[PDB]
>>> print(open('target01.cif').read())   # mmCIF, N, CA and C atoms
data_start
#
loop_
_atom_site.label_atom_id
_atom_site.label_comp_id
_atom_site.auth_asym_id
_atom_site.auth_seq_id
_atom_site.Cartn_x
_atom_site.Cartn_y
_atom_site.Cartn_z
N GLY A 1 21.23 53.93 -36.66
CA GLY A 1 19.83 53.69 -36.38
C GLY A 1 19.04 54.97 -36.20
N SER A 2 18.53 55.19 -34.99
CA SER A 2 17.75 56.38 -34.70
C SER A 2 16.81 56.72 -35.85
N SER A 3 16.17 55.69 -36.41
CA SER A 3 15.25 55.88 -37.53
C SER A 3 13.87 55.34 -37.18
N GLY A 4 12.99 56.23 -36.71
CA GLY A 4 11.65 55.83 -36.35
C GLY A 4 11.25 56.31 -34.97
N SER A 5 10.50 55.48 -34.25
CA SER A 5 10.05 55.82 -32.90
C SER A 5 9.73 54.57 -32.10
N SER A 6 9.83 54.68 -30.78
CA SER A 6 9.56 53.55 -29.90
C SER A 6 9.23 54.03 -28.49
N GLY A 7 7.95 53.96 -28.12
CA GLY A 7 7.53 54.39 -26.80
C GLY A 7 7.03 53.24 -25.95
N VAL A 8 7.46 53.21 -24.69
CA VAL A 8 7.05 52.16 -23.77
C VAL A 8 6.99 52.67 -22.34
N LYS A 9 6.41 51.87 -21.45
CA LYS A 9 6.29 52.24 -20.04
C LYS A 9 7.14 51.33 -19.16
N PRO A 10 7.73 51.91 -18.10
CA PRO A 10 8.57 51.17 -17.16
C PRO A 10 7.77 50.19 -16.31
N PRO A 11 8.40 49.07 -15.94
CA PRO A 11 7.77 48.03 -15.12
C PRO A 11 7.54 48.50 -13.68
N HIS A 12 8.58 49.04 -13.07
CA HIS A 12 8.49 49.52 -11.69
C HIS A 12 8.90 50.99 -11.60
N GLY A 13 9.98 51.34 -12.29
CA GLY A 13 10.46 52.71 -12.27
C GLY A 13 11.95 52.80 -11.98
N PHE A 14 12.68 51.75 -12.33
CA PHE A 14 14.12 51.72 -12.10
C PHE A 14 14.87 51.42 -13.39
N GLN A 15 16.16 51.75 -13.41
CA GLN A 15 16.99 51.51 -14.58
C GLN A 15 18.28 50.79 -14.21
N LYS A 16 19.01 50.32 -15.22
CA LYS A 16 20.26 49.61 -14.99
C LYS A 16 21.45 50.55 -15.13
N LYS A 17 22.57 50.17 -14.52
CA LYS A 17 23.79 50.98 -14.58
C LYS A 17 23.58 52.32 -13.89
N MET A 18 22.67 52.35 -12.92
CA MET A 18 22.39 53.57 -12.18
C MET A 18 22.76 53.42 -10.70
N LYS A 19 22.48 54.45 -9.91
CA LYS A 19 22.78 54.43 -8.49
C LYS A 19 21.51 54.61 -7.66
N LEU A 20 21.52 54.06 -6.45
CA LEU A 20 20.37 54.16 -5.56
C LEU A 20 20.74 53.73 -4.14
N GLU A 21 20.17 54.41 -3.15
CA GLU A 21 20.44 54.10 -1.75
C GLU A 21 19.57 52.93 -1.28
N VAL A 22 20.23 51.83 -0.92
CA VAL A 22 19.52 50.64 -0.45
C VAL A 22 19.74 50.43 1.04
N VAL A 23 18.69 50.00 1.73
CA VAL A 23 18.77 49.75 3.17
C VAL A 23 19.27 48.34 3.45
N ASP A 24 20.42 48.25 4.12
CA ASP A 24 21.01 46.96 4.46
C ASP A 24 19.99 46.07 5.16
N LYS A 25 19.56 45.02 4.47
CA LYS A 25 18.59 44.08 5.02
C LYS A 25 18.93 43.73 6.47
N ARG A 26 20.13 43.19 6.67
CA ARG A 26 20.58 42.80 8.00
C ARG A 26 20.58 44.00 8.94
N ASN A 27 20.78 45.19 8.38
CA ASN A 27 20.81 46.42 9.17
C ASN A 27 19.89 47.47 8.56
N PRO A 28 18.64 47.52 9.04
CA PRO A 28 17.64 48.47 8.56
C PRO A 28 17.95 49.90 8.99
N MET A 29 18.98 50.06 9.82
CA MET A 29 19.38 51.37 10.29
C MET A 29 20.64 51.85 9.57
N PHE A 30 21.01 51.15 8.50
CA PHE A 30 22.19 51.50 7.73
C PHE A 30 21.87 51.51 6.23
N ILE A 31 22.32 52.56 5.55
CA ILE A 31 22.09 52.69 4.12
C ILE A 31 23.39 52.98 3.37
N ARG A 32 23.52 52.42 2.17
CA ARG A 32 24.71 52.61 1.36
C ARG A 32 24.35 52.70 -0.12
N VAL A 33 25.31 53.13 -0.93
CA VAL A 33 25.10 53.25 -2.37
C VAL A 33 24.93 51.88 -3.02
N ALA A 34 24.19 51.85 -4.13
CA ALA A 34 23.96 50.60 -4.85
C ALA A 34 24.01 50.83 -6.36
N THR A 35 24.09 49.73 -7.11
CA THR A 35 24.14 49.81 -8.57
C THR A 35 23.22 48.78 -9.21
N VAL A 36 22.17 49.26 -9.87
CA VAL A 36 21.22 48.38 -10.53
C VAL A 36 21.88 47.60 -11.67
N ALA A 37 22.16 46.33 -11.42
CA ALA A 37 22.79 45.48 -12.42
C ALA A 37 21.76 44.95 -13.41
N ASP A 38 20.69 44.36 -12.89
CA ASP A 38 19.64 43.81 -13.73
C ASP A 38 18.26 44.12 -13.15
N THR A 39 17.35 44.57 -14.00
CA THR A 39 15.99 44.90 -13.57
C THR A 39 15.00 43.84 -14.02
N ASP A 40 14.44 43.12 -13.06
CA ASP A 40 13.46 42.07 -13.37
C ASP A 40 12.07 42.66 -13.54
N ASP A 41 11.09 41.80 -13.78
CA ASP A 41 9.71 42.23 -13.96
C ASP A 41 9.30 43.21 -12.87
N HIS A 42 9.41 42.78 -11.62
CA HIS A 42 9.06 43.62 -10.48
C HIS A 42 10.17 43.62 -9.43
N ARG A 43 11.40 43.46 -9.89
CA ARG A 43 12.55 43.44 -8.99
C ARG A 43 13.79 44.03 -9.67
N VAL A 44 14.85 44.21 -8.90
CA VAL A 44 16.09 44.76 -9.43
C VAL A 44 17.29 44.33 -8.59
N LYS A 45 18.25 43.68 -9.24
CA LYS A 45 19.45 43.21 -8.55
C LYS A 45 20.34 44.38 -8.14
N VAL A 46 20.30 44.73 -6.86
CA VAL A 46 21.10 45.83 -6.34
C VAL A 46 22.49 45.36 -5.93
N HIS A 47 23.51 45.87 -6.62
CA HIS A 47 24.89 45.50 -6.32
C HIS A 47 25.61 46.61 -5.56
N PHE A 48 26.09 46.28 -4.37
CA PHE A 48 26.79 47.25 -3.54
C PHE A 48 28.23 47.44 -4.01
N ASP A 49 28.50 48.57 -4.64
CA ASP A 49 29.84 48.87 -5.14
C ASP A 49 30.91 48.40 -4.16
N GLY A 50 31.73 47.45 -4.60
CA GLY A 50 32.78 46.93 -3.75
C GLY A 50 32.41 45.60 -3.12
N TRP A 51 31.40 45.62 -2.25
CA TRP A 51 30.95 44.41 -1.58
C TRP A 51 30.91 43.23 -2.54
N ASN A 52 31.59 42.15 -2.17
CA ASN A 52 31.64 40.95 -3.00
C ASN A 52 30.29 40.70 -3.67
N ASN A 53 30.31 40.55 -4.99
CA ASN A 53 29.09 40.30 -5.75
C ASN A 53 28.14 39.41 -4.97
N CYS A 54 28.68 38.33 -4.40
CA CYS A 54 27.88 37.39 -3.63
C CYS A 54 26.81 38.12 -2.82
N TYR A 55 27.21 39.20 -2.15
CA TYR A 55 26.29 39.98 -1.34
C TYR A 55 25.05 40.37 -2.14
N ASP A 56 25.27 40.82 -3.37
CA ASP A 56 24.17 41.23 -4.24
C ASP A 56 22.95 40.33 -4.03
N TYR A 57 21.77 40.92 -4.13
CA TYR A 57 20.53 40.17 -3.95
C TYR A 57 19.39 40.80 -4.75
N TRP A 58 18.38 39.99 -5.06
CA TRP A 58 17.24 40.47 -5.83
C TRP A 58 16.23 41.18 -4.93
N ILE A 59 16.20 42.50 -5.01
CA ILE A 59 15.29 43.30 -4.20
C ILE A 59 14.18 43.90 -5.05
N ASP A 60 12.97 43.96 -4.49
CA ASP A 60 11.83 44.52 -5.20
C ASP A 60 12.01 46.01 -5.44
N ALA A 61 11.93 46.42 -6.70
CA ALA A 61 12.08 47.82 -7.07
C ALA A 61 11.00 48.68 -6.42
N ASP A 62 9.93 48.03 -5.97
CA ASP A 62 8.82 48.73 -5.33
C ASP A 62 8.91 48.62 -3.81
N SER A 63 10.01 48.05 -3.33
CA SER A 63 10.21 47.88 -1.89
C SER A 63 10.37 49.24 -1.20
N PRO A 64 9.80 49.35 0.01
CA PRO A 64 9.86 50.59 0.79
C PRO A 64 11.26 50.87 1.32
N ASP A 65 12.08 49.83 1.40
CA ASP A 65 13.45 49.97 1.88
C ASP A 65 14.32 50.66 0.84
N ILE A 66 14.05 50.39 -0.43
CA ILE A 66 14.81 50.99 -1.52
C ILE A 66 14.60 52.50 -1.57
N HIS A 67 15.70 53.24 -1.58
CA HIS A 67 15.64 54.70 -1.64
C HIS A 67 16.53 55.24 -2.75
N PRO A 68 16.06 56.31 -3.42
CA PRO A 68 16.80 56.94 -4.52
C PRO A 68 18.05 57.67 -4.03
N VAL A 69 18.95 57.96 -4.96
CA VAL A 69 20.19 58.66 -4.63
C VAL A 69 19.91 60.05 -4.08
N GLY A 70 20.04 60.20 -2.76
CA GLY A 70 19.80 61.48 -2.13
C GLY A 70 18.75 61.40 -1.03
N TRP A 71 18.33 60.18 -0.71
CA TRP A 71 17.33 59.97 0.33
C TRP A 71 17.89 60.33 1.71
N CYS A 72 19.21 60.50 1.78
CA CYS A 72 19.87 60.84 3.03
C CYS A 72 19.48 62.24 3.49
N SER A 73 19.23 63.12 2.53
CA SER A 73 18.85 64.50 2.83
C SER A 73 17.36 64.60 3.14
N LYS A 74 16.54 64.04 2.26
CA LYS A 74 15.09 64.06 2.44
C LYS A 74 14.73 63.83 3.91
N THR A 75 15.08 62.66 4.42
CA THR A 75 14.79 62.31 5.81
C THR A 75 15.81 62.94 6.76
N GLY A 76 17.04 63.08 6.29
CA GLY A 76 18.09 63.66 7.11
C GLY A 76 18.92 62.62 7.83
N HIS A 77 19.07 61.45 7.21
CA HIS A 77 19.84 60.37 7.80
C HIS A 77 21.24 60.30 7.18
N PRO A 78 22.24 59.97 8.01
CA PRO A 78 23.63 59.86 7.57
C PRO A 78 23.86 58.65 6.66
N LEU A 79 24.66 58.85 5.62
CA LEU A 79 24.96 57.78 4.68
C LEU A 79 26.37 57.23 4.91
N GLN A 80 26.52 55.92 4.71
CA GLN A 80 27.82 55.27 4.89
C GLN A 80 28.45 54.94 3.55
N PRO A 81 29.76 55.24 3.42
CA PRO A 81 30.51 54.98 2.19
C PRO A 81 30.73 53.49 1.94
N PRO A 82 30.84 53.11 0.66
CA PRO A 82 31.05 51.72 0.26
C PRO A 82 32.44 51.22 0.64
N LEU A 83 32.80 50.04 0.13
CA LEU A 83 34.10 49.45 0.41
C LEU A 83 35.22 50.33 -0.12
N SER A 84 36.44 50.08 0.35
CA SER A 84 37.60 50.85 -0.08
C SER A 84 37.94 50.56 -1.54
N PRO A 85 38.66 51.49 -2.18
CA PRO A 85 39.07 51.36 -3.58
C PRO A 85 40.11 50.26 -3.78
N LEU A 86 40.44 49.56 -2.71
CA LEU A 86 41.43 48.49 -2.76
C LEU A 86 40.81 47.16 -2.33
N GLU A 87 39.64 47.24 -1.71
CA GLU A 87 38.95 46.04 -1.24
C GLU A 87 38.22 45.36 -2.39
N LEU A 88 38.07 46.07 -3.50
CA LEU A 88 37.38 45.53 -4.67
C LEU A 88 38.39 44.97 -5.68
N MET A 89 39.67 45.16 -5.39
CA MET A 89 40.73 44.67 -6.27
C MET A 89 40.94 43.17 -6.08
N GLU A 90 40.25 42.37 -6.90
CA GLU A 90 40.36 40.92 -6.82
C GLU A 90 41.25 40.39 -7.94
N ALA A 91 41.65 39.13 -7.81
CA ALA A 91 42.51 38.50 -8.81
C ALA A 91 43.80 39.29 -9.01
N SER A 92 44.39 39.73 -7.90
CA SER A 92 45.62 40.50 -7.95
C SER A 92 46.79 39.70 -7.38
N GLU A 93 47.52 39.02 -8.26
CA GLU A 93 48.66 38.22 -7.84
C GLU A 93 49.97 38.96 -8.09
N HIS A 94 50.71 39.22 -7.02
CA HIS A 94 51.99 39.92 -7.13
C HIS A 94 53.15 38.97 -6.91
N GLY A 95 53.82 38.59 -8.00
CA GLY A 95 54.95 37.68 -7.90
C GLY A 95 56.28 38.40 -7.94
N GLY A 96 56.72 38.89 -6.78
CA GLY A 96 57.99 39.59 -6.71
C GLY A 96 58.44 39.83 -5.28
N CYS A 97 59.75 39.94 -5.09
CA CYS A 97 60.31 40.17 -3.76
C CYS A 97 59.93 41.55 -3.24
N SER A 98 60.01 41.73 -1.93
CA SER A 98 59.67 43.00 -1.30
C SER A 98 60.71 43.39 -0.26
N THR A 99 60.72 44.67 0.11
CA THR A 99 61.66 45.18 1.09
C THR A 99 60.99 45.39 2.44
N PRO A 100 61.72 45.07 3.52
CA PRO A 100 61.22 45.21 4.89
C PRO A 100 61.08 46.67 5.30
N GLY A 101 59.95 47.00 5.92
CA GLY A 101 59.71 48.37 6.36
C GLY A 101 59.82 48.52 7.86
N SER A 102 61.00 48.24 8.40
CA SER A 102 61.23 48.35 9.84
C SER A 102 62.72 48.51 10.14
N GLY A 103 63.02 49.22 11.22
CA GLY A 103 64.41 49.44 11.60
C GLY A 103 64.60 50.73 12.38
N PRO A 104 64.36 50.66 13.70
CA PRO A 104 64.50 51.82 14.58
C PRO A 104 65.96 52.24 14.76
N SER A 105 66.17 53.35 15.46
CA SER A 105 67.51 53.86 15.71
C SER A 105 67.68 54.27 17.16
N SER A 106 68.82 53.92 17.75
CA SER A 106 69.10 54.25 19.14
C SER A 106 70.59 54.15 19.43
N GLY A 107 71.05 54.88 20.44
CA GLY A 107 72.45 54.86 20.81
C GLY A 107 72.74 55.68 22.05
#
>>> encode(input="target01.cif", output="structure tokens")
Amino acid sequence: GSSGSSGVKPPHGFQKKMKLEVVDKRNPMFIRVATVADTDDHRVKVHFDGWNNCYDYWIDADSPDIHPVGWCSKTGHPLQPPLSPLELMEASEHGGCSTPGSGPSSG
């Protein structure tokens, strides 16, 4: 492709498959990383890396709570890391025996 030209303007100013610091609705004093899954007319589905998709919610891209990647420095507020690299591992069925990890020693 890449044959021609196509210029347009953004609806709010956000993109998909990107990162952004979102303020936990339930906790306005806590912020974590997010991932723009889908950008609506005037909204954007912010998905918290790890946190069960269910958590995901449609937040206004123009919302004052929404902050760009690096808003922790601007204001100087501490950022909290997302879920563990094992908490997002779903549909993991392990069908096999295991060995006991216990057995002290004394005499």
>>> resolve_selection(input="target01.cif", expression="the PyMOL selection byres (((chain A and resi 38 and name CA) around 10) and name CA)", output="list in words")
residues 14, 15, 16, 17, 35, 36, 37, 39, 40, 43, 44, 45, 46, 47 and 58 of chain A
>>> residues_around(input="target01.cif", residues="residue 63 (chain A)", least_positions_apart="3", cutoff="8 Å", atoms="all atoms listed in the file", output="PyMOL selection string")
chain A and resi 42-43+59-60+66-67
>>> residues_around(input="target01.cif", residues="region 75-87 of chain A", least_positions_apart="6", cutoff="10 Å", atoms="only C-alpha atoms", output="list in words")
residues 21, 29, 30, 31, 32, 33, 34, 48, 49, 50, 51 and 52 of chain A
>>> select_by_dssp(input="target01.cif", residues="chain A", states="strand (DSSP E)", output="JSON, numbers by chain")
{"A": [19, 20, 21, 22, 23, 31, 32, 33, 34, 35, 36, 37, 38, 39, 44, 45, 46, 47, 57, 58, 59, 67, 68]}
>>> atom_distance(input="target01.cif", atom1="atom C of residue 73 (chain A)", atom2="atom C of residue 41 (chain A)")
27.9 Å
>>> select_by_dssp(input="target01.cif", residues="region 6-105 of chain A", states="helix (DSSP H, G or I)", output="tab-separated table (two decimals) with N, CA and C atoms, in the coordinates of the input")
chain	number	residue	atom	x	y	z
A	53	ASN	N	30.31	40.55	-4.99
A	53	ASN	CA	29.09	40.30	-5.75
A	53	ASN	C	28.14	39.41	-4.97
A	54	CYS	N	28.68	38.33	-4.40
A	54	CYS	CA	27.88	37.39	-3.63
A	54	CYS	C	26.81	38.12	-2.82
A	55	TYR	N	27.21	39.20	-2.15
A	55	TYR	CA	26.29	39.98	-1.34
A	55	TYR	C	25.05	40.37	-2.14
A	71	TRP	N	18.33	60.18	-0.71
A	71	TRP	CA	17.33	59.97	0.33
A	71	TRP	C	17.89	60.33	1.71
A	72	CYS	N	19.21	60.50	1.78
A	72	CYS	CA	19.87	60.84	3.03
A	72	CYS	C	19.48	62.24	3.49
A	73	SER	N	19.23	63.12	2.53
A	73	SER	CA	18.85	64.50	2.83
A	73	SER	C	17.36	64.60	3.14
A	74	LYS	N	16.54	64.04	2.26
A	74	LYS	CA	15.09	64.06	2.44
A	74	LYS	C	14.73	63.83	3.91
A	75	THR	N	15.08	62.66	4.42
A	75	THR	CA	14.79	62.31	5.81
A	75	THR	C	15.81	62.94	6.76
>>> atom_distance(input="target01.cif", atom1="atom C of residue 19 (chain A)", atom2="atom N of residue 68 (chain A)")
7.1 Å
>>> atom_distance(input="target01.cif", atom1="CA of residue 94 (chain A)", atom2="CA of residue 53 (chain A)")
22.9 Å
>>> axis_aligned_box(input="target01.cif", around="region 8-15 of chain A", padding_each_side="6 Å", output="JSON")
{"center_x": 12.3, "center_y": 50.6, "center_z": -18.1, "size_x": 24.0, "size_y": 17.2, "size_z": 25.1}
